[PDB]
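Structure record follows, encoded as structure tokens.
A quick note on method: Cβ atoms are made from the backbone with ideal geometry, for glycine too, and the neighbour counts reach across all protein chains shown. No value in this document is a laboratory result; all are computed from the given coordinates.
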Amino acid sequence: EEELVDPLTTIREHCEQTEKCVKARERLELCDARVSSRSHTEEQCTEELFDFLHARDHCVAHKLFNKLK
Amino acid sequence: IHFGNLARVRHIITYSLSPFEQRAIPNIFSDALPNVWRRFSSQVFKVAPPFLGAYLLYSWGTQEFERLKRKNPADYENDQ
Amino acid sequence: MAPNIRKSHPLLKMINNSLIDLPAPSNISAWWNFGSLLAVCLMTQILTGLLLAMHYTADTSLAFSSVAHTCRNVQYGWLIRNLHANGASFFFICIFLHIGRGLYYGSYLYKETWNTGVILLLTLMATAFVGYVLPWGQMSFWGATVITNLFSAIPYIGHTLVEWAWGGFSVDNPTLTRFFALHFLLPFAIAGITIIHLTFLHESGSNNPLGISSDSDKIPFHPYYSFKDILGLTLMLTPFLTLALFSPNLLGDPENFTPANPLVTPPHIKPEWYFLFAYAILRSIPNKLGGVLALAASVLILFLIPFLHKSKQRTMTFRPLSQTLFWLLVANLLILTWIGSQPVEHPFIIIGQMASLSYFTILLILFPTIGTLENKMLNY
Amino acid sequence: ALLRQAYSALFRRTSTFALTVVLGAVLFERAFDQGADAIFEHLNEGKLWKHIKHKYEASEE
Amino acid sequence: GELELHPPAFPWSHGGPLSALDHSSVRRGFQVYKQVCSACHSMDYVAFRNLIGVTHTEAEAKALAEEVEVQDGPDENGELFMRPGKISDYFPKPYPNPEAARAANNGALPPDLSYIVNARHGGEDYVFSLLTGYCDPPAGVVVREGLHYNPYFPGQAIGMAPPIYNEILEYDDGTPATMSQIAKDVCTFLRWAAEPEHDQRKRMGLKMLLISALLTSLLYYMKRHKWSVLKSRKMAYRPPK
Amino acid sequence: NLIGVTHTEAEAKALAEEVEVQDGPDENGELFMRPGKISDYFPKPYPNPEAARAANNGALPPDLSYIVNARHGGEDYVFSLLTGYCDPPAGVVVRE
Amino acid sequence: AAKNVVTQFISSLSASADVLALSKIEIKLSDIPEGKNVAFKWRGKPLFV
Ligand code: HEC
Ligand code: HEM
Ligand code: HEM
Ligand SMILES: CO/N=C(/C(=O)OC)c1ccccc1COc1cc(C)c(I)cc1C
Ligand SMILES: CCCCCCCCO[C@@H]1O[C@H](CO)[C@@H](O)[C@H](O)[C@H]1O
Ligand SMILES: [Zn+2]
């Protein structure tokens, strides 16, 4: 009963489980995994990350404002 | 004086009617449009081509630029 | 001397024989409206120009704030400002159409009227250039520096020309102030020449889309073209207002909302669209001096155009070949523009050099050549 | 027959003509603004201070 | 050159050519600035009087402007003195000169937020995402001691500390202080602050489009009308033969 | 300004060093002090009129840059004022 | 349109938002004691009440 939640993080969830977001969130961890294990790599998962957020947030926008006032 | 010295013109008749006696924008369908098309048609294959031919280069140029930003996994296949 | 009162009045005889009884072809198209538009355009900039100037303070410590105050405090100040900055574009658009038209109908065969034109353009270009520095925002500042700094590429007689132009050792107050003065002046000089422009014109009359003696059938400017002209005006003024009333900064870069700071340089320094094409050519040649020349000639070239006409006919109306070469050129400018709004990395650079390379090539070799070749196909 | 009647009392003499435009324009303004303003506001129902004013104007402290 | 992440496009209440600013939001947005950003961020081109008829009462504003002390004078001794604020006063700077602000933010200079939205690409769409969007860096990305990660900012290393967090204040209008809800409002305010005219300008656009359309139509008739005489014209070549 | 006019480029430097000027701000934002240089303008004896009046009895000792051309009779006048103070004649009572 | 655009530009030269701000100054008649005088500042020149 009345527990204040930021619609953002909620809609952030709903999107992360989406054809594009998932086929991306996966693309990241894969990077991260290898990049993290490796000790001598110049690699960075920036790209991948953006790919995700770019997708996530797009989604977020399309709905996030219906909740806010 | 700029009206009279112009040129020697002979045997030409012209008939025209006051604006009030005739129509404002006459035959929009039977004459207008058909010509608006005619005109359009005739030129397209002159104008359009290069403009279109640019959209390509713009696209390839741009598109290809982005591609050169993404990293090539081949640089990192033996960084264990 | 005379019956009515607009032919015997040493004044109405100039408001008449130039805008009412003026002999006009009966077949000139919409590409002839840009003339008056260009004028009306001026008539307006100058007006909004003053109205602003009446609230501006040319000083590297108040320029930005004044402009800002002008927008936030002066009645309709913001409105008056938009109109001016956008009036700038509207101005160029009309000029470029105006110019293209002249090229596509060999109006440039009217040598004087043409050369005066070119000058008018030059003046307009310079004029904006200074007006841009006034708001003294990042872009204002840096655009100044980048450009003015080119002059230092000239040998000997330049490394000085610059420090003279700045009134110092870098773009600073001494400059701002003198630029403001210059921006107040040039518009008038434009109005002036414009008078001479229209005179050399009235020495021959308007060229017509077909390119053949109009004497056989000419109509009085009024009401035929006065009416056409006003419609033309509205058909433009609309988007001009439309963008300036619904998307103000659609055109203008933001870095100019950041008070100029000589210590920090903006990520990307790029002018207003109407200078893009040139910017792109400047940046194509790696060698300040060369690029400078290319820039100069990129616009100076116009003067040559007349001496580069080979067709036995005047307008391209009846010359298919030339036409596409013409549109290839136009699009060739679009590209240069675009290339100018982009950084200096592959592919851009190569595309850049090419575009510019083709720009000159067309106006210098193709056009005159395809012209000759054209003539022989008519069997002349 | 308005067109007729108009061309007679109004658009005939270049004087009554002008005189019409003047007065006519007066009416136009006076009532074009209303409509416009009204239309504009409607498209912004409850967003303007004209609306949310009642919440602080004589109802607080 | 290097990789960046462009902010998505939120459907702002005032994003339409005919849609004004939700003054209700702005009023709040204001507070978000007033009680949070006005701590490192200046807004030199706005003043309490501006708020009247916009987001506050002429009363609210006076009082609102009195919550501050300003430096006036000199006096009949030459010394500078203090006095309570009045509507004719401009929002107080939190520092006295950049050199100082940097000092209390680690070289970082919290930019005046007057024209900020029109100063950054993507305006509010951007300024939103920045706030609602700080997060941990991905593999390989090491952030220097003093900067916080934020992918929506070039270099990904911003010197600004995540400024907002749920209930970080309370909208005395009742609206739930969820983070995004804040950033939403503050952004909206930012727009207003950057171009008060906004509304009136769009109201004009409307009027302009109407007159425009009607007056162009009319002119078009008259142009045609007159020109008819020519386009209807007919000619024949009848020599004497 | 004094150089090439009434002093050496040397004299002036030194002459300008006999004063301390307020510059800055520094890396902390604080204003600081420094010794004068030729590129400095003759120091104000006060920081603002309101203050000068305070130390001269409401009286405001005008800046003397353009003074001569600022008073009728210029130097002829500015002279006589200095070389010419005296006791009031009968009936003339000067306020304290 | 004409009339409007012209009004718009003409009111442009009249006083602006700021100068209209320092325009007026009000004085509370319930904070001034008998005899003693207090002076303010109005349109530049001081004001006696
Ligand atoms: C704790 C001090 C602090 C507060 C309070 C704060 N900011 Fe900032 N902000 C900064 C600093 C410092 C930077 C500069 C970081 C840099 O440029 O490296 C900054 C930068 C910004 C920038 C963006 C700079 C850029 O280049 O994109 C914006 C936008 C901004 N702040 C908005 C806000 C908003 C909105 C609020 C209030 C809701 C706020 N800030 C509150 C410290 C703060
Ligand atoms: C300073 C701005 C200028 C103004 C206000 C102006 C105005 C005009 C006007 C009123 C006309 C007559 C109608 C028409 O447009 O055809 C005209 C014609 C012409 N102008 Fe300009 N002009 C300007 C710039 C230029 C420029 C930069 C050029 C190109 C170098 C130029 C070239 C011409 C030519 C060649 C004509 C002949 C038109 C024809 O073919 O009939 N003008 N100009
Ligand atoms: C030749 C016509 C004119 C052109 C092409 C022109 C163009 C411009 C440009 C390019 C700017 C930068 C605008 C911006 O900030 O986006 C500007 C600003 C300005 N112009 Fe003009 N201008 C013209 C005439 C005038 C005239 C005649 C005056 C007055 C004599 C004037 C006074 C100013 C002032 C005060 C500014 C600075 C403040 C501001 O940016 O609004 N302009 N002008
Ligand atoms: C003061 O800088 N003004 C600029 C502007 O676009 O003003 C409208 C400006 C801003 C950023 C970069 C370059 C410029 C000027 O660039 C110019 C200016 C002129 C004249 C010409 I020919 C050709 C170019 C490429
Ligand atoms: C093509 C010519 C278009 C002219 C359109 C005239 C529009 C000017 O309309 C303006 O709207 C403002 C907002 O309500 C009012 O405050 C101004 O008083 C009014 O003049
Ligand atoms: Zn930019």
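Taking every alpha-carbon pair under 8 Å whose residues sit at least 6 apart, chain E reaches a relative contact order of 24 percent.
Dipole magnitude for chain D: computed about the Cα centre from +1 point charges on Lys and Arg Cβ and -1 point charges on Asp and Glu Cβ, it is near 620 debye. For the range C:323-377, dividing the convex hull volume of the Cα atoms by the residue count gives 62 Å³ per residue. Ordering C:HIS309, E:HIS41 from the fewest to the most neighbouring beta carbons within 10 Å gives C:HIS309, E:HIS41. Taking every C-alpha pair closer than 8 Å and separated by at least 6 residues, the mean separation divided by the residue count of chain F gives a relative contact order of 13 percent. Per-residue Cβ neighbour counts within 10 Å put E:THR55, A:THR9 in the sequence A:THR9, E:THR55, beginning with the fewest. When the Cα positions of E:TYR220, E:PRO111, E:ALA161 are compared along the charge dipole of chain E, E:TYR220 comes out farthest toward the positive end, with charges on each C-beta of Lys, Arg, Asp and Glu. Farthest toward the positive end of the dipole of chain B, out of B:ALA24, B:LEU6, B:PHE40, is the Cα of B:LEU6, where the dipole comes from beta carbon charges about the Cα centre.
The C-alpha atoms of the range E:24-129 occupy a region whose extents along the principal axes are 51, 38, 19 Å, arranged from largest to smallest.
Test of understanding: ordering D:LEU27, C:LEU47 by Cβ neighbours within 10 Å, fewest first, what list do you get? Could you put the intermediate results ahead of the total?
Details: D:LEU27 9, C:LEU47 16.
With the fewest neighbours first, D:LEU27, C:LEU47 line up as D:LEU27, C:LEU47.
Note on E:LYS34: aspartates and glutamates with a C-alpha under 16 Å away, same-chain residues under 8 apart excluded, are E:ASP44, E:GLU60, E:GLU66, E:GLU67, E:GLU69, E:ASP89, E:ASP112, E:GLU167, E:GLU170, E:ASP172, E:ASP173, E:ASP185. Dividing the convex hull volume of the alpha carbon atoms of the range E:67-200 by its residue count gives 161 Å³ per residue.
Past the 18 Å Cα-Cα mark, which pairs from C:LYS228/E:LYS226; A:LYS63/D:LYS55; E:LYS207/G:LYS3; A:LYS63/D:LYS50; D:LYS53/E:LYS202? Numbers along the way, then the final one.
Numbers: C:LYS228/E:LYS226 10 Å; A:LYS63/D:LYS55 29 Å; E:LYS207/G:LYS3 14 Å; A:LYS63/D:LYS50 29 Å; D:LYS53/E:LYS202 21 Å.
Going by Cα-Cα distance, A:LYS63/D:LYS55; A:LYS63/D:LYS50; D:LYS53/E:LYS202 fall outside the 18 Å limit.
Where does helix A:7-16 land angle-wise versus the long Cα axis of chain A, in degrees 0 to 90, nearest 10? In chain A, helix A:7-16 runs at an angle near 50 degrees to the longest axis. Listed by chain and number, the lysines whose C-alpha is less than 28 Å from the C-alpha of C:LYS376, apart from same-chain residues fewer than 8 away, are B:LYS46, C:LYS111, C:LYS310, C:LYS312. A compact globular protein would have a Cα radius of gyration near 2.2 N^0.38 Å; the ratio found for chain A is 1.39.
Think of chain C as a dipole: +1 on every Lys or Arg Cβ, -1 on every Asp or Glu Cβ, centred on the Cα centre; then among C:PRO267, C:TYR110, C:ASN375, C:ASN375 lies furthest on the positive end. For chain E, the alpha carbon positions stretch 103, 62, 41 Å along the principal axes, listed from largest to smallest. Counting Cα-Cα pairs of the protein assembly as shown in 20 Å increments starting at 0 gives whole-percent bin shares of 9, 33, 35, 18, 4, 0, 0. One equal scatterer on each Cα of the range F:1-64, no solvent, Debye formula: the resulting log10 I(q)/I(0) at q = 0.12, 0.18, 0.21, 0.22 Å⁻¹ is -0.46, -0.83, -0.92, -0.93. About its Cα centre, the dipole of chain E is roughly 3240 debye, where the only charges are +1 on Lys and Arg Cβ and -1 on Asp and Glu Cβ.
Derived value for the range C:206-322: Kirkwood hydrodynamic radius 19.7 Å. Basis is the mean of 1/r over every pair of different alpha-carbon atoms. Using alpha carbons only, the radius of gyration of the range E:140-222 set against its Kirkwood radius gives Rg/Rh = 1.30. Counting Cβ atoms of other protein chains within 10 Å of each Cβ in G:15-24 and taking the mean gives 5.
At the listed q of 0.21 Å⁻¹, the Debye profile of the range E:120-185, built from one uniform point per Cα, gives log10 I(q)/I(0) equal to -0.88. Please list, or write none, the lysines whose alpha carbon is within less than 25 Å of the alpha carbon of G:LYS41, excluding same-chain residues fewer than 8 places away. Partners within reach: E:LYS62, E:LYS86, E:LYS93, G:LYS24, G:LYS28.
Quick note on chain C: its Rg to Rh ratio, both from C-alpha atoms and Rh being the Kirkwood radius, is 0.99. Given +1 at the Cβ of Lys and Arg, -1 at the Cβ of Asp and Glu and no other charges, the dipole of the protein assembly as shown around its Cα centre is 7860 debye to the nearest 20.
Report, in cubic angstrom per residue, the convex hull volume of the C-alpha atoms of the range C:250-306. Walk me through the numbers on the way to the answer.
Working: hull volume 6.8 nm³, N = 57.
Given the Cα convex hull of the range C:250-306, per-residue volume reads 118 Å³.
Per the Kirkwood formula applied to alpha carbons, chain D shows a radius of gyration over Rh ratio, Rg over Rh, of 1.38. Estimated translational diffusion coefficient (Stokes-Einstein, Kirkwood radius over Cα pairs, 25 °C, 0.890 mPa s) of chain B: 120 µm² per second.
On the principal axes of its alpha carbon atoms, the range C:15-79 extends 55, 23, 23 Å, with the longest extent given first. Taking 20 °C and 1.002 mPa s as conditions, the range E:197-241 diffuses translationally at an estimated 152 µm²/s according to Stokes-Einstein applied to its Kirkwood radius (Cα pairs).
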